[PDB]
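Dumped data_6.cif below, it's mmCIF, C-alpha atoms and all ligand atoms:
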data_start
loop_
_atom_site.label_atom_id
_atom_site.label_comp_id
_atom_site.auth_asym_id
_atom_site.auth_seq_id
_atom_site.Cartn_x
_atom_site.Cartn_y
_atom_site.Cartn_z
CA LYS X 2 -31.30 12.96 -7.89
CA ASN X 3 -30.33 9.57 -6.46
CA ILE X 4 -32.62 6.89 -5.05
CA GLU X 5 -30.72 7.08 -1.79
CA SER X 6 -32.42 10.42 -1.03
CA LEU X 7 -35.87 8.95 -1.58
CA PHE X 8 -36.23 6.82 1.55
CA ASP X 9 -36.06 6.74 5.28
CA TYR X 10 -33.92 3.90 6.65
CA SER X 11 -34.54 1.37 9.42
CA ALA X 12 -31.85 1.60 12.07
CA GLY X 13 -30.74 -1.84 10.84
CA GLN X 14 -30.44 -0.60 7.28
CA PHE X 15 -28.49 2.57 8.24
CA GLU X 16 -26.15 0.65 10.55
CA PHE X 17 -25.49 -2.09 8.05
CA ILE X 18 -24.54 0.44 5.34
CA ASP X 19 -22.28 2.27 7.82
CA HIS X 20 -20.48 -0.94 8.97
CA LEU X 21 -20.18 -2.03 5.34
CA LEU X 22 -18.46 1.18 4.36
CA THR X 23 -16.26 1.11 7.50
CA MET X 24 -15.21 -2.52 7.03
CA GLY X 25 -14.21 -1.03 3.66
CA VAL X 26 -11.88 1.72 4.99
CA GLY X 27 -10.46 -1.02 7.23
CA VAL X 28 -9.53 -3.43 4.44
CA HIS X 29 -8.25 -0.98 1.84
CA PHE X 30 -5.91 0.47 4.60
CA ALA X 31 -4.86 -2.89 6.08
CA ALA X 32 -4.08 -4.11 2.52
CA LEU X 33 -2.40 -0.77 2.06
CA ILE X 34 0.34 -1.92 4.61
CA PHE X 35 0.84 -5.43 3.10
CA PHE X 36 1.37 -3.78 -0.34
CA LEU X 37 4.12 -1.56 1.15
CA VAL X 38 6.06 -4.14 3.15
CA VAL X 39 6.36 -6.71 0.45
CA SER X 40 7.42 -4.20 -2.25
CA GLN X 41 11.02 -4.66 -1.15
CA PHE X 42 10.95 -8.24 -2.57
CA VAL X 43 9.76 -7.16 -6.05
CA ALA X 44 12.47 -6.69 -8.71
CA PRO X 45 12.89 -3.11 -10.01
CA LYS X 46 10.99 -3.86 -13.31
CA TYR X 47 7.83 -4.91 -11.49
CA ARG X 48 8.09 -2.85 -8.33
CA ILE X 49 5.75 -0.16 -9.62
CA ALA X 50 2.98 -2.64 -9.90
CA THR X 51 3.11 -3.17 -6.16
CA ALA X 52 3.29 0.65 -5.72
CA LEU X 53 0.36 1.38 -8.10
CA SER X 54 -1.83 -0.74 -5.76
CA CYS X 55 -1.06 1.61 -2.85
CA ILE X 56 -2.76 4.47 -4.87
CA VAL X 57 -5.74 2.19 -5.53
CA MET X 58 -5.84 1.38 -1.86
CA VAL X 59 -5.62 5.05 -0.84
CA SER X 60 -7.93 6.50 -3.52
CA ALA X 61 -10.59 3.97 -2.53
CA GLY X 62 -10.14 4.12 1.25
CA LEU X 63 -10.03 7.92 1.42
CA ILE X 64 -13.14 8.13 -0.80
CA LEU X 65 -14.69 5.06 0.88
CA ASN X 66 -14.23 6.71 4.26
CA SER X 67 -15.65 9.89 2.66
CA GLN X 68 -18.89 8.02 1.83
CA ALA X 69 -19.34 6.70 5.38
CA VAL X 70 -18.82 10.10 6.98
CA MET X 71 -21.30 11.58 4.50
CA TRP X 72 -23.76 8.79 5.29
CA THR X 73 -23.78 9.69 9.00
CA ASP X 74 -23.70 13.45 8.12
CA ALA X 75 -26.74 13.16 5.90
CA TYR X 76 -29.11 11.11 8.13
CA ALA X 77 -30.35 11.40 11.67
CA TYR X 78 -32.59 9.22 13.84
CA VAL X 79 -36.00 10.93 13.92
CA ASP X 80 -39.43 9.67 15.06
CA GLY X 81 -38.30 6.09 14.74
CA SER X 82 -36.23 6.15 11.56
CA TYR X 83 -33.13 7.64 9.99
CA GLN X 84 -34.35 10.61 8.02
CA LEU X 85 -32.44 12.71 5.53
CA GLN X 86 -31.25 16.00 7.01
CA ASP X 87 -29.55 19.11 5.45
CA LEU X 88 -26.62 17.29 3.76
CA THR X 89 -27.07 14.68 1.05
CA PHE X 90 -25.61 11.36 0.25
CA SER X 91 -24.71 10.11 -3.25
CA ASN X 92 -22.32 7.80 -5.04
CA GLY X 93 -20.63 10.35 -7.30
CA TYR X 94 -17.00 10.15 -6.01
CA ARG X 95 -16.92 6.36 -6.35
CA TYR X 96 -17.29 6.74 -10.08
CA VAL X 97 -15.33 9.98 -10.00
CA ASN X 98 -12.54 7.83 -8.46
CA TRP X 99 -13.60 4.85 -10.59
CA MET X 100 -12.12 7.33 -13.16
CA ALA X 101 -8.64 6.75 -11.83
CA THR X 102 -8.72 3.66 -9.86
CA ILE X 103 -8.49 1.71 -13.14
CA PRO X 104 -5.60 3.42 -15.04
CA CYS X 105 -3.35 2.32 -12.21
CA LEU X 106 -5.09 -1.16 -12.24
CA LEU X 107 -4.74 -2.01 -15.89
CA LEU X 108 -1.39 -0.33 -15.55
CA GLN X 109 -0.16 -2.87 -13.01
CA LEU X 110 -1.72 -5.63 -15.09
CA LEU X 111 0.20 -4.30 -18.11
CA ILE X 112 3.43 -4.19 -16.03
CA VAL X 113 3.25 -7.83 -15.05
CA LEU X 114 2.35 -8.83 -18.62
CA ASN X 115 5.90 -7.66 -19.35
CA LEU X 116 4.94 -4.92 -21.76
CA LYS X 117 7.60 -2.22 -22.16
CA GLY X 118 8.06 0.94 -24.09
CA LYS X 119 5.71 1.73 -26.93
CA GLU X 120 3.24 -1.14 -26.81
CA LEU X 121 3.10 -0.33 -23.10
CA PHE X 122 2.37 3.39 -23.57
CA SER X 123 0.03 2.73 -26.51
CA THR X 124 -1.93 0.03 -24.85
CA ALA X 125 -2.28 2.03 -21.67
CA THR X 126 -3.49 5.09 -23.66
CA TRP X 127 -6.33 3.27 -25.47
CA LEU X 128 -7.23 1.49 -22.26
CA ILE X 129 -7.53 4.62 -20.17
CA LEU X 130 -9.66 6.28 -22.92
CA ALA X 131 -12.17 3.38 -23.12
CA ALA X 132 -12.35 2.54 -19.41
CA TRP X 133 -12.74 6.33 -18.72
CA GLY X 134 -15.42 6.18 -21.37
CA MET X 135 -17.15 3.34 -19.67
CA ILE X 136 -16.71 5.30 -16.38
CA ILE X 137 -18.28 8.66 -17.61
CA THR X 138 -21.25 7.30 -19.73
CA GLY X 139 -22.22 5.32 -16.69
CA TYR X 140 -21.89 8.55 -14.72
CA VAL X 141 -24.51 10.32 -16.85
CA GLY X 142 -27.25 7.80 -16.15
CA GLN X 143 -27.22 7.25 -12.43
CA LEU X 144 -27.80 10.97 -12.59
CA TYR X 145 -31.12 10.06 -14.15
CA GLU X 146 -31.44 7.07 -11.71
CA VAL X 147 -34.61 8.69 -10.30
CA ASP X 148 -35.85 11.20 -12.87
CA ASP X 149 -35.50 9.29 -16.15
CA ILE X 150 -34.99 5.52 -16.02
CA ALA X 151 -34.72 5.24 -19.82
CA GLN X 152 -31.71 7.54 -19.40
CA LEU X 153 -30.37 5.03 -16.90
CA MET X 154 -31.15 2.31 -19.49
CA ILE X 155 -29.65 4.36 -22.35
CA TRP X 156 -26.47 5.56 -20.59
CA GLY X 157 -26.15 2.09 -19.13
CA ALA X 158 -26.25 0.62 -22.64
CA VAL X 159 -23.44 2.89 -23.83
CA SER X 160 -21.20 2.38 -20.78
CA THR X 161 -21.76 -1.33 -21.24
CA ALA X 162 -20.72 -1.05 -24.84
CA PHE X 163 -17.58 0.56 -23.54
CA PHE X 164 -17.12 -2.30 -20.96
CA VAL X 165 -17.55 -5.01 -23.67
CA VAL X 166 -15.05 -3.24 -25.85
CA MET X 167 -12.43 -2.84 -23.05
CA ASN X 168 -12.35 -6.34 -21.88
CA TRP X 169 -11.29 -7.12 -25.46
CA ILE X 170 -8.18 -5.05 -25.24
CA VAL X 171 -7.28 -6.66 -21.96
CA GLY X 172 -8.30 -10.11 -23.12
CA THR X 173 -6.16 -9.84 -26.21
CA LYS X 174 -3.04 -8.48 -24.51
CA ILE X 175 -3.29 -11.22 -21.81
CA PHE X 176 -3.69 -14.22 -24.10
CA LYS X 177 -1.06 -12.70 -26.45
CA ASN X 178 1.57 -12.02 -23.69
CA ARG X 179 0.99 -15.10 -21.52
CA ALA X 180 4.02 -16.71 -23.17
CA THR X 181 6.37 -13.94 -21.94
CA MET X 182 5.64 -14.65 -18.36
CA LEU X 183 7.94 -16.21 -15.82
CA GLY X 184 8.02 -18.81 -13.07
CA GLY X 185 4.60 -20.33 -13.76
CA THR X 186 2.55 -17.17 -13.76
CA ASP X 187 1.47 -17.61 -17.38
CA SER X 188 -1.16 -19.91 -15.85
CA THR X 189 -1.83 -17.41 -13.06
CA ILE X 190 -2.52 -14.42 -15.28
CA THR X 191 -5.48 -16.22 -16.88
CA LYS X 192 -7.14 -16.41 -13.39
CA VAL X 193 -6.82 -12.70 -12.73
CA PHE X 194 -8.56 -11.99 -16.06
CA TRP X 195 -11.54 -14.13 -14.94
CA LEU X 196 -11.32 -12.84 -11.31
CA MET X 197 -11.54 -9.46 -13.06
CA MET X 198 -14.75 -10.08 -15.01
CA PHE X 199 -16.89 -11.09 -12.04
CA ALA X 200 -16.33 -7.96 -9.88
CA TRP X 201 -16.90 -5.68 -12.83
CA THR X 202 -20.25 -7.10 -13.76
CA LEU X 203 -21.28 -6.68 -10.14
CA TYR X 204 -21.32 -2.96 -10.95
CA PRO X 205 -23.71 -3.20 -13.83
CA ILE X 206 -25.79 -5.34 -11.48
CA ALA X 207 -25.19 -2.51 -9.07
CA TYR X 208 -26.46 0.03 -11.78
CA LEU X 209 -29.87 -1.44 -12.74
CA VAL X 210 -30.93 -1.36 -9.11
CA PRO X 211 -33.27 1.67 -9.33
CA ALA X 212 -34.66 -0.08 -12.43
CA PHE X 213 -35.45 -3.33 -10.57
CA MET X 214 -35.41 -2.57 -6.86
CA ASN X 215 -36.17 1.04 -6.07
CA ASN X 216 -36.81 0.80 -2.33
CA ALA X 217 -34.64 0.98 0.75
CA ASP X 218 -33.42 -2.59 0.61
CA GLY X 219 -32.25 -1.88 -2.93
CA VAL X 220 -30.16 0.98 -1.54
CA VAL X 221 -28.76 -1.62 0.82
CA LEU X 222 -28.07 -4.17 -1.96
CA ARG X 223 -26.26 -1.56 -4.04
CA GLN X 224 -23.84 -0.87 -1.22
CA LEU X 225 -23.37 -4.57 -0.58
CA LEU X 226 -22.80 -5.00 -4.35
CA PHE X 227 -20.36 -2.09 -3.73
CA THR X 228 -18.26 -3.53 -0.84
CA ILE X 229 -17.60 -6.91 -2.69
CA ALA X 230 -16.86 -5.30 -6.10
CA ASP X 231 -14.12 -3.42 -4.22
CA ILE X 232 -12.62 -6.45 -2.37
CA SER X 233 -12.09 -7.96 -5.83
CA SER X 234 -11.29 -5.25 -8.41
CA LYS X 235 -9.17 -3.35 -5.92
CA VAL X 236 -8.12 -5.63 -3.02
CA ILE X 237 -7.91 -9.08 -4.72
CA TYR X 238 -6.72 -8.18 -8.15
CA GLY X 239 -4.48 -6.19 -5.85
CA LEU X 240 -2.88 -9.20 -4.17
CA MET X 241 -3.09 -11.58 -7.18
CA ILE X 242 -1.21 -9.04 -9.30
CA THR X 243 1.26 -8.81 -6.43
CA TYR X 244 2.06 -12.57 -6.23
CA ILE X 245 2.78 -12.53 -9.99
CA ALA X 246 5.40 -9.75 -9.66
CA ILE X 247 7.21 -11.48 -6.80
CA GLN X 248 7.20 -14.85 -8.57
CA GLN X 249 8.37 -13.37 -11.81
CA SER X 250 11.06 -11.43 -9.86
CA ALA X 251 12.33 -14.73 -8.37
CA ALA X 252 12.21 -16.39 -11.74
CA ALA X 253 14.39 -13.55 -13.14
CA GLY X 254 17.05 -13.84 -10.40
CA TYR X 255 16.14 -11.17 -7.91
CA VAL X 256 17.48 -12.56 -4.69
CA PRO X 257 15.13 -10.86 -2.16
CA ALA X 258 12.16 -12.24 -4.18
CA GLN X 259 13.79 -15.67 -4.12
CA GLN X 260 14.47 -15.53 -0.43
CA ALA X 261 10.97 -14.11 0.23
CA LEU X 262 9.31 -17.03 -1.53
CA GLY X 263 11.63 -19.47 0.28
CA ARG X 264 10.86 -18.15 3.76
CA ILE X 265 7.23 -19.15 3.28
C1 LIG X 301 -12.77 0.27 -8.53
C2 LIG X 301 -12.43 -0.48 -9.80
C3 LIG X 301 -13.13 -0.77 -10.91
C4 LIG X 301 -12.25 -1.62 -11.80
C5 LIG X 301 -14.58 -0.35 -11.31
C6 LIG X 301 -15.01 -0.59 -12.62
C7 LIG X 301 -16.48 -0.28 -13.12
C8 LIG X 301 -17.29 -0.96 -14.10
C9 LIG X 301 -16.87 -2.29 -14.82
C10 LIG X 301 -18.69 -0.24 -14.27
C11 LIG X 301 -19.51 -0.20 -15.39
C12 LIG X 301 -20.91 0.50 -15.74
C13 LIG X 301 -21.61 0.05 -16.71
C14 LIG X 301 -20.93 -1.03 -17.62
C15 LIG X 301 -23.00 0.02 -16.75
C16 LIG X 301 -23.73 1.31 -16.57
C17 LIG X 301 -22.85 2.33 -15.67
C18 LIG X 301 -21.51 1.74 -14.82
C19 LIG X 301 -20.58 2.92 -14.55
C20 LIG X 301 -21.96 1.16 -13.47
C1 LIG X 302 -12.11 -1.15 11.76
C2 LIG X 302 -12.25 -1.74 10.36
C3 LIG X 302 -12.95 -3.11 10.46
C4 LIG X 302 -12.10 -4.22 9.83
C5 LIG X 302 -10.72 -4.41 10.48
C6 LIG X 302 -9.70 -4.67 9.37
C7 LIG X 302 -8.33 -5.10 9.87
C8 LIG X 302 -8.08 -6.59 9.63
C9 LIG X 302 -8.53 -6.93 8.24
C10 LIG X 302 -7.92 -8.07 7.51
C11 LIG X 302 -6.66 -7.88 6.72
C12 LIG X 302 -7.04 -7.56 5.27
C13 LIG X 302 -6.80 -8.74 4.39
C14 LIG X 302 -5.39 -9.27 4.55
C15 LIG X 302 -4.32 -8.21 4.23
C16 LIG X 302 -3.29 -8.79 3.25
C17 LIG X 302 -2.15 -9.51 3.96
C18 LIG X 302 -2.10 -10.97 3.58
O1 LIG X 302 -3.04 -11.48 2.90
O2 LIG X 302 -1.12 -11.67 3.94
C1 LIG X 303 -16.31 -11.21 -1.62
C2 LIG X 303 -16.40 -9.92 -0.75
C3 LIG X 303 -16.71 -10.18 0.71
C4 LIG X 303 -17.59 -9.06 1.20
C5 LIG X 303 -18.09 -9.35 2.61
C6 LIG X 303 -19.29 -8.47 2.95
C7 LIG X 303 -19.90 -9.00 4.25
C8 LIG X 303 -21.43 -9.04 4.27
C9 LIG X 303 -21.84 -9.88 5.46
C10 LIG X 303 -23.02 -10.79 5.50
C11 LIG X 303 -24.37 -10.29 5.04
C12 LIG X 303 -25.40 -10.63 6.10
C13 LIG X 303 -26.45 -9.53 5.98
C14 LIG X 303 -27.53 -9.44 7.04
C15 LIG X 303 -28.17 -8.10 6.67
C16 LIG X 303 -29.65 -7.86 6.92
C17 LIG X 303 -29.83 -6.36 6.63
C18 LIG X 303 -31.00 -5.73 7.39
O1 LIG X 303 -30.85 -5.34 8.57
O2 LIG X 303 -32.12 -5.53 6.86
CL CL X 304 14.56 -5.81 -12.62
CL CL X 305 -13.37 4.11 -5.95
#
Now that the file is in, can you turn its structure into structure tokens?
Ligand SMILES: *C\C=C(C)/C=C/C=C(C)/C=C/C1=C(C)CCCC1(C)C
Ligand SMILES: CCCCCCCC/C=C\CCCCCCCC(=O)O
Ligand SMILES: CCCCCCCC/C=C\CCCCCCCC(=O)O
Ligand SMILES: [Cl-]
Ligand SMILES: [Cl-]
Amino acid sequence: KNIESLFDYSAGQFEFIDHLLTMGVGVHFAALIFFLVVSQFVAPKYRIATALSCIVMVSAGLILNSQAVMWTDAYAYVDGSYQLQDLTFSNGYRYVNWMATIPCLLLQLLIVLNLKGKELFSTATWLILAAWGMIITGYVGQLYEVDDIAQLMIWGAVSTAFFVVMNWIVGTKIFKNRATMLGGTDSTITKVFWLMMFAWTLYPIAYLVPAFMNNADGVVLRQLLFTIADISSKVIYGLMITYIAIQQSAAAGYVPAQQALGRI
């Protein structure tokens, strides 16, 4: 049902995809350890943001590693190419884990924006509904990514609509809660917002790929468009969100955040 099943792969194509995915496990897991060690310098009020990023890292990784084992499971070198065998490869769990990588993500954004209580719960609720709603509409079209391209174009459209609409919630909360933010990070939070738009349009670029490049190199470009997406929405919003918590902790008088910044 997915263009990946349609082709045989050069050895260079199959190896590049497999190193891509593996570089992936490597980075989500190495960043996994950074995210743990530095959590002891984040003040109690922000320390979950730090934590939330370990879930991101270990969702991702576990499922990224899943994809690379399935890639080698699915294909075997036969008469001069990698041909599809008895098991299949697909990108379902990405998505299926898109569906949960994000709650925790906008959650640790919302933490460092200093929201608390009811605005925090309420904002997170609407956000999860609409991201989730981007995530799932987009899931029903890549399902048609071979059979019915106008169903890619139509589900695409609707997911996008959901994407447009959700960057408004986040936009608004950021520009409205900038002023709350400590130790200089009111400037910083505007970068993460932008940082954040780039990686997430990579994925619609990553979706119209059957529509505009249905061949084996397109399969490759998807996955490339996949590994970067991931170093940014997961690994580098990751970090950037983390700096903000530590800086705000120092600004609010938390001595291990103060000493941590001082050391460097
Ligand atoms: C791993 C983390 C994140 C934040 C992934 C977010 C995904 C998007 C912004 C994807 C959007 C889609 C749309 C807008 C277009 C058609 C179908 C998609 C699911 C690829
Ligand atoms: C075997 C997997 C292939 C890649 C090996 C990965 C291990 C080294 C990767 C680089 C570290 C990831 C980025 C930096 C971690 C955050 C710590 C920091 O920025 O101070
Ligand atoms: C911003 C995220 C950083 C992601 C780094 C991903 C690294 C990709 C590395 C360089 C691409 C060079 C590709 C050469 C591939 C040719 C493929 C082929 O064999 O046909
Ligand atoms: Cl605190
Ligand atoms: Cl994922």
Worksheet item: What's the 12 Å shell around residue 229 (chain X), counting only C-alpha atoms, without same-chain residues fewer than 5 positions away, as a ChimeraX atom specification?
Response: /X:21-22,24-25,28-29,199-204,207,222-224,234-237
Item to complete: Using CA of residue 46 (chain X) and CA of residue 122 (chain X) as the two end points, give the distance in Å to one decimal.
Response: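 Answer for the CA of residue 46 (chain X) to CA of residue 122 (chain X) separation: 15.2 Å.
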Discussion item. Residues contacting ligand CL 305 (chain X) - anything with an atom at most 10 Å away, using all atoms listed in the file - can you give me those as a count of residues only?
Written reply: 25
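Between CA of residue 264 (chain X) and CA of residue 181 (chain X) there is a distance of 26.4 Å.
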So for ligand LIG 301 (chain X), what box centre and size do we get, axis-aligned, 5 Å extra on each of the six sides, every listed atom, Å to one decimal, as AutoDock Vina command-line options?
--center_x -18.0 --center_y 0.3 --center_z -13.1 --size_x 21.5 --size_y 15.2 --size_z 19.1
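The shortest atom-to-atom distance to residue 83 (chain X), with only C-alpha atoms taken into account, belongs to X:12 out of X:12, X:113, X:18, X:137.
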Worksheet entry | Polymer residues at most 9 Å from residue 14 (chain X), all atoms listed in the file, same-chain spacing of 4 or more positions, as a PyMOL selection string | chain X and resi 10+18-19+217-218+220-221
Since we have the selection now, will you write its residues out, keeping C-alpha atoms, as a PDB file, in the frame of the given file?
ATOM      1  CA  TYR X  10     -33.920   3.900   6.650  1.00  0.00           C
ATOM      2  CA  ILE X  18     -24.540   0.440   5.340  1.00  0.00           C
ATOM      3  CA  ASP X  19     -22.280   2.270   7.820  1.00  0.00           C
ATOM      4  CA  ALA X 217     -34.640   0.980   0.750  1.00  0.00           C
ATOM      5  CA  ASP X 218     -33.420  -2.590   0.610  1.00  0.00           C
ATOM      6  CA  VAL X 220     -30.160   0.980  -1.540  1.00  0.00           C
ATOM      7  CA  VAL X 221     -28.760  -1.620   0.820  1.00  0.00           C
TER       8      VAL X 221
END
Fill in: Counting all atoms listed in the file, the residue of X:254, X:184, X:219, X:263 that sits nearest ligand LIG 303 (chain X)
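Checking each candidate against ligand LIG 303 (chain X), we get X:219 as the closest.
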Item to complete: Would you please work out which residue, of X:158, X:8, X:13, X:148, is nearest to residue 90 (chain X) when using only C-alpha atoms?
Response: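 Of the candidates, the smallest distance to residue 90 (chain X) is held by X:8.
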Distance table requested - chain X against ligand LIG 302 (chain X), cut-off 6 Å, only C-alpha atoms and all ligand atoms: one row per qualifying residue with the closest atom pair and its distance in Å to one decimal, ordered by chain and rising residue number, as a Markdown table.
| residue | atom | partner | partner_atom | distance |
| --- | --- | --- | --- | --- |
| X:23 | CA | X:LIG302 | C2 | 5.7 |
| X:24 | CA | X:LIG302 | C3 | 4.1 |
| X:27 | CA | X:LIG302 | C2 | 3.7 |
| X:28 | CA | X:LIG302 | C12 | 4.9 |
| X:31 | CA | X:LIG302 | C12 | 5.2 |
| X:32 | CA | X:LIG302 | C15 | 4.4 |
| X:35 | CA | X:LIG302 | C17 | 5.1 |
Worksheet item: Using only C-alpha atoms, which residue out of X:170, X:69, X:212, X:193 lies closest to residue 154 (chain X)?
Response: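 Closest candidate: X:212.
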Just region 182-207 of chain X, please, as a PDB file, in the first residue's frame (only N, CA and C atoms).
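Now in part-v2.pdb:
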ATOM      1  N   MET X 182       8.887  35.417  30.841  1.00  0.00           N
ATOM      2  CA  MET X 182       9.991  34.495  30.774  1.00  0.00           C
ATOM      3  C   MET X 182      11.290  35.110  31.247  1.00  0.00           C
ATOM      4  N   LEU X 183      12.135  34.274  31.863  1.00  0.00           N
ATOM      5  CA  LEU X 183      13.196  34.758  32.727  1.00  0.00           C
ATOM      6  C   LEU X 183      14.562  34.621  32.077  1.00  0.00           C
ATOM      7  N   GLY X 184      15.500  35.401  32.645  1.00  0.00           N
ATOM      8  CA  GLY X 184      16.902  35.409  32.294  1.00  0.00           C
ATOM      9  C   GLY X 184      17.286  35.536  30.827  1.00  0.00           C
ATOM     10  N   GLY X 185      16.410  36.109  30.003  1.00  0.00           N
ATOM     11  CA  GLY X 185      16.777  36.464  28.644  1.00  0.00           C
ATOM     12  C   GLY X 185      16.108  35.627  27.603  1.00  0.00           C
ATOM     13  N   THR X 186      15.424  34.594  28.063  1.00  0.00           N
ATOM     14  CA  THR X 186      14.855  33.534  27.256  1.00  0.00           C
ATOM     15  C   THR X 186      13.561  33.957  26.562  1.00  0.00           C
ATOM     16  N   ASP X 187      13.057  35.143  26.869  1.00  0.00           N
ATOM     17  CA  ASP X 187      11.949  35.701  26.108  1.00  0.00           C
ATOM     18  C   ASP X 187      12.347  35.951  24.653  1.00  0.00           C
ATOM     19  N   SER X 188      13.608  36.346  24.427  1.00  0.00           N
ATOM     20  CA  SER X 188      14.188  36.312  23.083  1.00  0.00           C
ATOM     21  C   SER X 188      14.339  34.894  22.562  1.00  0.00           C
ATOM     22  N   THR X 189      14.793  33.969  23.412  1.00  0.00           N
ATOM     23  CA  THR X 189      15.109  32.629  22.914  1.00  0.00           C
ATOM     24  C   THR X 189      13.857  31.911  22.442  1.00  0.00           C
ATOM     25  N   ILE X 190      12.755  32.055  23.178  1.00  0.00           N
ATOM     26  CA  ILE X 190      11.571  31.271  22.826  1.00  0.00           C
ATOM     27  C   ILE X 190      11.085  31.627  21.406  1.00  0.00           C
ATOM     28  N   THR X 191      11.281  32.872  20.944  1.00  0.00           N
ATOM     29  CA  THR X 191      10.888  33.136  19.563  1.00  0.00           C
ATOM     30  C   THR X 191      11.690  32.317  18.548  1.00  0.00           C
ATOM     31  N   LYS X 192      12.958  31.969  18.835  1.00  0.00           N
ATOM     32  CA  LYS X 192      13.731  31.105  17.910  1.00  0.00           C
ATOM     33  C   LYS X 192      13.165  29.674  17.837  1.00  0.00           C
ATOM     34  N   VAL X 193      12.778  29.127  18.977  1.00  0.00           N
ATOM     35  CA  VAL X 193      12.326  27.759  18.951  1.00  0.00           C
ATOM     36  C   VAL X 193      11.064  27.652  18.123  1.00  0.00           C
ATOM     37  N   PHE X 194      10.121  28.571  18.298  1.00  0.00           N
ATOM     38  CA  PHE X 194       8.974  28.707  17.382  1.00  0.00           C
ATOM     39  C   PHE X 194       9.351  28.608  15.892  1.00  0.00           C
ATOM     40  N   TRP X 195      10.312  29.425  15.436  1.00  0.00           N
ATOM     41  CA  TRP X 195      10.740  29.354  14.040  1.00  0.00           C
ATOM     42  C   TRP X 195      11.420  28.034  13.714  1.00  0.00           C
ATOM     43  N   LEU X 196      12.417  27.653  14.532  1.00  0.00           N
ATOM     44  CA  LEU X 196      13.111  26.352  14.508  1.00  0.00           C
ATOM     45  C   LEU X 196      12.150  25.272  14.145  1.00  0.00           C
ATOM     46  N   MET X 197      11.042  25.289  14.931  1.00  0.00           N
ATOM     47  CA  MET X 197       9.809  24.489  14.957  1.00  0.00           C
ATOM     48  C   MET X 197       8.971  24.536  13.677  1.00  0.00           C
ATOM     49  N   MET X 198       9.106  25.532  12.811  1.00  0.00           N
ATOM     50  CA  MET X 198       8.171  25.540  11.684  1.00  0.00           C
ATOM     51  C   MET X 198       8.768  24.744  10.562  1.00  0.00           C
ATOM     52  N   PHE X 199      10.086  24.996  10.377  1.00  0.00           N
ATOM     53  CA  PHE X 199      10.964  24.396   9.390  1.00  0.00           C
ATOM     54  C   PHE X 199      10.776  22.898   9.374  1.00  0.00           C
ATOM     55  N   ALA X 200      11.156  22.193  10.465  1.00  0.00           N
ATOM     56  CA  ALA X 200      11.153  20.736  10.559  1.00  0.00           C
ATOM     57  C   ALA X 200       9.798  20.142  10.259  1.00  0.00           C
ATOM     58  N   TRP X 201       8.745  20.893  10.543  1.00  0.00           N
ATOM     59  CA  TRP X 201       7.398  20.385  10.448  1.00  0.00           C
ATOM     60  C   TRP X 201       6.799  20.626   9.094  1.00  0.00           C
ATOM     61  N   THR X 202       7.417  21.436   8.269  1.00  0.00           N
ATOM     62  CA  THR X 202       7.028  21.498   6.880  1.00  0.00           C
ATOM     63  C   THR X 202       7.860  20.526   6.051  1.00  0.00           C
ATOM     64  N   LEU X 203       8.943  20.005   6.634  1.00  0.00           N
ATOM     65  CA  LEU X 203       9.720  19.005   5.963  1.00  0.00           C
ATOM     66  C   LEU X 203       8.849  17.823   5.701  1.00  0.00           C
ATOM     67  N   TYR X 204       8.094  17.421   6.724  1.00  0.00           N
ATOM     68  CA  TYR X 204       7.045  16.391   6.656  1.00  0.00           C
ATOM     69  C   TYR X 204       5.904  16.573   5.681  1.00  0.00           C
ATOM     70  N   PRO X 205       5.392  17.753   5.415  1.00  0.00           N
ATOM     71  CA  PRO X 205       4.505  17.765   4.259  1.00  0.00           C
ATOM     72  C   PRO X 205       5.335  17.617   3.004  1.00  0.00           C
ATOM     73  N   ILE X 206       6.528  18.235   2.917  1.00  0.00           N
ATOM     74  CA  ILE X 206       7.406  17.896   1.797  1.00  0.00           C
ATOM     75  C   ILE X 206       7.593  16.386   1.746  1.00  0.00           C
ATOM     76  N   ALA X 207       7.878  15.790   2.895  1.00  0.00           N
ATOM     77  CA  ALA X 207       7.962  14.353   2.951  1.00  0.00           C
ATOM     78  C   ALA X 207       6.658  13.617   2.532  1.00  0.00           C
TER      79      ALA X 207
END
